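Asker: 3D, please:
(one chain, ligands or ions: 2)
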Amino acid sequence: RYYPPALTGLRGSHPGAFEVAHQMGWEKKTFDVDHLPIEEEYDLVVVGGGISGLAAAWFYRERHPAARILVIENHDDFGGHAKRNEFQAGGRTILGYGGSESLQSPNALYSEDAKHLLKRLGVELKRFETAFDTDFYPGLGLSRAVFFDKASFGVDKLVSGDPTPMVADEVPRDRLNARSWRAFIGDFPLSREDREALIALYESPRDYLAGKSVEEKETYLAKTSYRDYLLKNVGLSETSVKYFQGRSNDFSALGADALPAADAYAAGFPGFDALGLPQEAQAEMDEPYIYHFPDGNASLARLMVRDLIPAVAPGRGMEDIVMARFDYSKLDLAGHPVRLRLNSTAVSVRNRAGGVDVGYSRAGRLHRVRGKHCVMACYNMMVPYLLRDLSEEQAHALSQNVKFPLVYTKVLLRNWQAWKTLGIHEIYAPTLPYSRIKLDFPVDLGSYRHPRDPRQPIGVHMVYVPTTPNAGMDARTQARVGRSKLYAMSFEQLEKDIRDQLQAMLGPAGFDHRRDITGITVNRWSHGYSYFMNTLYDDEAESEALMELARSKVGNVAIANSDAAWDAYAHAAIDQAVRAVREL
Ligand SMILES: Cc1cc2nc3c(=O)[nH]c(=O)nc-3n(C[C@H](O)[C@H](O)[C@H](O)COP(=O)(O)OP(=O)(O)OC[C@H]3O[C@@H](n4cnc5c(N)ncnc54)[C@H](O)[C@@H]3O)c2cc1C
Ligand code: HEM
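Answerer: Numbering: from 1, shown residues only. Ligands and ions are numbered 1, 2, ... in the order given. Now the structure:
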């Protein structure tokens, strides 16, 4: 059966998904299709099967109820970053998210159009109050820990009771099972001097920018990295700051050397409490991060696919989607008004005679179809290789959206008694390849029940970002170089890092990686987060101009994807699709 969610191993941007895109991007090979007969006609052709491209098709059909719509997508599954991973453990299914993790502060951030999409799909945000088992890990006495590595700190050491508040936090602050900073930092494998300095950072904040007005402070915190701020203004040693190096890897796709100090201040990082800075923004920082389908935001993609192509799965609503069986052979049936064609790379888009000719490549062979309208919902940096009408200024704009690589790894564990024995549900590793390691969010929804028994299997989620810290690289270059590091890495080398890290962190409490790991799925997102304007390297006014230029409509071709908003969130993918549809 054709069913990508059950596949393990090397996933995300799997082999087969990207070779045609690279012939265009790397070798500059062109696949012209204007010499081939038009095979199919549509009202709308959408390039890209992620949340944006599915939303584009969904709102377009809301406006044109009878529309015929083709969605071309080059992965072997729909959803883009929002993928569903599966494990089989002990006779039951254990679900995980391939990428797009949760709905980010949705009561604060979700536009009225996005809320409308969710309601029409039957997603009720308030349901997650009971679905997300918020007190599960805390009520077991579990806390978050930090893992220091031998190479950077002299010794391997796991220190728990971390009180560090996070930006997107699913744990109520009262339930951290955490210790005081003095007690927590006291266990850090650092010289006594370093420890006192870190403790003082918390116990005795000072105006490390005294003499500058508030405006000069805000300017300086914009053009100074967080790591430099701690080195030059707080005075921490080069060994102390390493503790902070990877904290921002997941939420920003880069480390503390590329994190603007002002952005660290907004994310709740330590060091600013006595600066006199001003403090809406806090309605978002404080919303609980509980809006998590058991396969992450893949549920959004799956709800949209079922709503657009009802033959694919039965059901309606957020409860039954979780375990709905999707028939991939029904996604692309002829005559059917909405068709989703996977394993196809769009290669050519061209306005003509009031419609859009679109070429794509599938199993090595070229095809040509027509639509009345086209929405580019692919990676914006791909659009110039496809869209033949672009001015050279607009193609250059689109090229500047250099996305960030990230690797979301799912690991099936035979049991989690080593986690229980160490009192932990989540680890931060300041310098290791994997900077976030955790037992998965405990969510019960539909017929799916989150794993509860420490003797029985559970899924672990861990994040690996191929940063090059402290090299003097701007953000775009760290993103490119990170992708080149991922390209040189086999699956065998990706697995060694997974097993080496789990062994060093969990080994002491009896972990054996060969014996205890019963599954690995690596979601390799070489092209992950959209670029976002970074005040350490970019100018706000030039970047905004470039952004709007890049998403400008071209005839009957509109530009969607979260890339168009320079904003890597599912609600931007939705809002940019909505803008694309209203334009046509
Ligand atoms: C690891 C990770 C975790 C995330 N977690 C969250 C989260 O918790 N909350 C949140 O709000 N956001 C999150 N995001 C942001 C995420 O990108 C969005 O939530 C959403 O998935 C973006 O969807 P999109 O449609 O804009 O782009 P995508 O889904 O990335 O792109 C659509 C598809 O177009 C395809 N494509 C490219 N070129 C072509 C071509 N020539 N022909 C055909 N198809 C093509 C791409 O391969 C891609 O699959 C996360 C992102 C990543 C990478
Ligand atoms: C699957 C693993 C992948 C790896 C390791 C990878 C790696 C890279 C690297 C190293 C580059 C050069 C640096 C850069 O320009 O960003 C690059 C460029 C590019 N990749 Fe990927 N890539 C992958 C998947 C994909 C996919 C799935 C697509 C299309 C959907 C894609 C489209 C491109 C394009 C268009 C460029 C050129 C960008 C430009 O010239 O502006 N790649 N890739």
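Asker: Find the closest residue to ligand 1 in the stretch 201-350 of the chain.
Answerer: The minimum distance from the stretch 201-350 of the chain to ligand 1, using C-beta to the nearest ligand atom, falls at residue 346 (3.6 Å). The way it works is simple: take the backbone N, C-alpha and C, and place the C-beta from them, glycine included.
Asker: which residues sit in contact with that residue?
Answerer: Taking C-beta atoms under 8 Å, 6 or more residues apart in numbering as the contact definition, residue 346 lies against 47-48, 72, 74, 358-360, 378, 386.
Asker: Swap in 7 Å and give it another go.
Answerer: By C-beta atoms under 7 Å, 6 or more residues apart in numbering, residue 346 lies in contact with 47, 72, 358-360, 378, 386.
Asker: Adjacent strands (with direction) for whichever strand or helix holds residue 435?
Answerer: Here residue 435, judged by DSSP states H and E, is contained in strand 434-439. When pairing is defined by DSSP bridges, strand 434-439 lines up against strand 424-428 (antiparallel), strand 458-464 (antiparallel).
Asker: quick one: the residue in the stretch 351-500 of the chain that ligand 1 sits nearest to and residue 71, what's the gap?
Answerer: Nearest to ligand 1 in the stretch 351-500 of the chain, going by C-beta to the nearest ligand atom, is residue 378, at a distance of 3.4 Å. The gap separating residue 378 from residue 71 is 11 Å, by C-beta to C-beta, to the nearest Å.
Asker: Residue 370 too?
Answerer: Counting by C-beta to C-beta, the gap from residue 370 to residue 71 is 15 Å.
Asker: Packing partners of the helix ranked longest in the chain?
Answerer: Counting residues, the longest helix found in the chain (DSSP state H) is helix 491-506. Helix 491-506 sits against helix 513-516, strand 517-529, with contacts defined as 3 or more C-beta pairs under 7 Å, 6 or more residues apart in numbering; DSSP states H and E.
Asker: Let me have the ones you listed in TSV, extended by distance to ligand 1 and mean neighbour count.
Answerer: Below are those laid out as TSV (distance: least, C-beta to the nearest ligand atom, whole Å; neighbours: other C-beta atoms under 10 Å):
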stretch	distance to ligand 1	mean neighbour count
helix 513-516	23	13
strand 517-529	3	22
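Asker: Between those, which one is closest to ligand 2.
Answerer: Going by C-beta to the nearest ligand atom, the one of those nearest ligand 2 is strand 517-529, 3.3 Å.
Asker: Residue 361 in helix, strand or coil?
Answerer: Local secondary structure at residue 361 is given as strand here, using DSSP: H, G, I helix; E, B strand; the rest coil.
Asker: Distance check, the residue nearest the centre of the chain against residue 295.
Answerer: For the chain, residue 100 is the residue whose C-alpha lies nearest the centre (C-alpha atoms, centre = their mean; 4.6 Å). Going from residue 100 to residue 295 by C-beta to C-beta gives 10 Å.
Asker: what does residue 401 give?
Answerer: The spacing between residue 401 and residue 295, counted by C-beta to C-beta, is 27 Å.
Asker: ok, the two, which is more surrounded?
Answerer: residue 295 (27 against 24; other C-beta atoms under 10 Å).
Asker: Which helix or strand contains the more buried one?
Answerer: Under DSSP H and E, no helix or strand contains residue 295.
Asker: Contact partners for it?
Answerer: Contacts of residue 295 (C-beta under 7 Å, 6+ apart): 84, 95-97.
Asker: so how far is residue 279 from the residue nearest to it when sequence neighbours are not counted?
Answerer: Distance criterion C-beta to C-beta, 6 or more residues apart in numbering; nearest residue to residue 295, sequence neighbours excluded, is residue 84 at 4.0 Å. Distance, residue 84 to residue 279, by C-beta to C-beta: 39 Å.
Asker: Those two: who's more crowded?
Answerer: Set residue 84 next to residue 279 and count neighbours by other C-beta under 10 Å: residue 84 wins out with 24 against 5.
Asker: related to what we said a few turns ago, give me whichever of the strands paired with strand 434-439 is most buried.
Answerer: Stretch with highest mean neighbour count among these: strand 424-428 (a mean of 25; mean count of other C-beta atoms under 10 Å).
Asker: how far out from the middle of the chain is it?
Answerer: Its chain's C-alpha centre and that of strand 424-428 lie 19 Å apart, by C-alpha atoms, centre = their mean, to the nearest Å.
Asker: related to what we said a few turns ago, need the strands paired with strand 434-439 in a markdown table with distance to ligand 1, can you?
Answerer: Shown next, in a markdown table, are the strands paired with strand 434-439 (distance: least, C-beta to the nearest ligand atom, whole Å):
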| stretch | distance to ligand 1 |
| --- | --- |
| strand 424-428 | 16 |
| strand 458-464 | 7 |
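Asker: ok, now which ones touch the residue in the stretch 101-250 of the chain positioned nearest to ligand 2?
Answerer: Closest contact between the stretch 101-250 of the chain and ligand 2, by C-beta to the nearest ligand atom, is at residue 249 (18.1 Å). Contact partners of residue 249, counting by C-beta under 7 Å, 6+ apart, are 255, 435, 463, 465, 467.
Asker: Looking at residue 370 and residue 71, which one has more neighbours?
Answerer: Per other C-beta under 10 Å, whichever of residue 370 and residue 71 has more neighbours is residue 71, with 30 against 18.
Asker: Now do the same contact list for that one.
Answerer: Contacts of residue 71 by C-beta under 7 Å, 6+ apart are 46, 49, 53-54, 57, 340-341.
Asker: what are the ranges of the helices in the stretch 351-500 of the chain?
Answerer: Secondary structure of the stretch 351-500 of the chain (DSSP state H, counting those that start in this stretch): helices at 383-386, 392-399, 417-421, 475-487, 491-506.
Asker: quick one: which of those helices is nearest ligand 2?
Answerer: Closest approach to ligand 2 among the helices of the stretch 351-500 of the chain (C-beta to the nearest ligand atom): helix 475-487, 3.6 Å.
Asker: Which strands or helices does that closest one pack on?
Answerer: Contacts defined by 3+ C-beta pairs under 7 Å, 6+ apart place helix 475-487 against strand 404-413, strand 517-529.
Asker: and it with strand 458-464, angle?
Answerer: 130 degrees (axes from the mean of the first three to the mean of the last three C-alpha atoms, to 10 degrees).
Asker: Let the chain start at 57 from now.
Answerer: Noted, 57 is the first residue going forward, which turns the last one into helix 531-543.
Asker: hang on, the earlier thing: in CSV: the contacts of residue 402, plus neighbour count.
Answerer: Output for the contacts of residue 402, formatted as CSV (neighbours: other C-beta atoms under 10 Å):
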residue, neighbour count
103, 33
128, 28
414, 27
415, 22
416, 27
434, 30
442, 24
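Asker: Kindly reformat those as TSV containing distance to ligand 2.
Answerer: Listed next are the contacts of residue 402 as TSV, based on distance: C-beta to the nearest ligand atom, whole Å:
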residue	distance to ligand 2
103	10
128	11
414	16
415	15
416	12
434	6
442	9
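Asker: which of these sit farthest apart?
Answerer: Using C-beta to C-beta, these span at most 13.6 Å, a distance reached by 415 and 434.
Asker: Which residues belonging to the strand or helix carrying residue 253 are considered buried?
Answerer: Counting by DSSP H and E, the element that carries residue 253 is helix 248-259. Neighbour counts over helix 248-259 (16 or more other C-beta atoms under 10 Å) mark 250-251, 253-258 as buried.
Asker: Which secondary structure elements does that helix sit against?
Answerer: helix 237-242, helix 294-297.
Asker: contacting residues around the first one?
Answerer: In this case it means helix 237-242. The contact list for helix 237-242 (C-beta under 7 Å, 6+ apart) reads 215, 217-219, 251, 254-255, 258-259.
Asker: does residue 101 count as helix, strand or coil?
Answerer: Counting by three-state DSSP, the backbone at residue 101 sits in strand.
Asker: pretty sure residue 315 contacts residue 280?
Answerer: No: counting by C-beta atoms under 7 Å, residue 280 is not a contact partner of residue 315; they are 10.3 Å apart.
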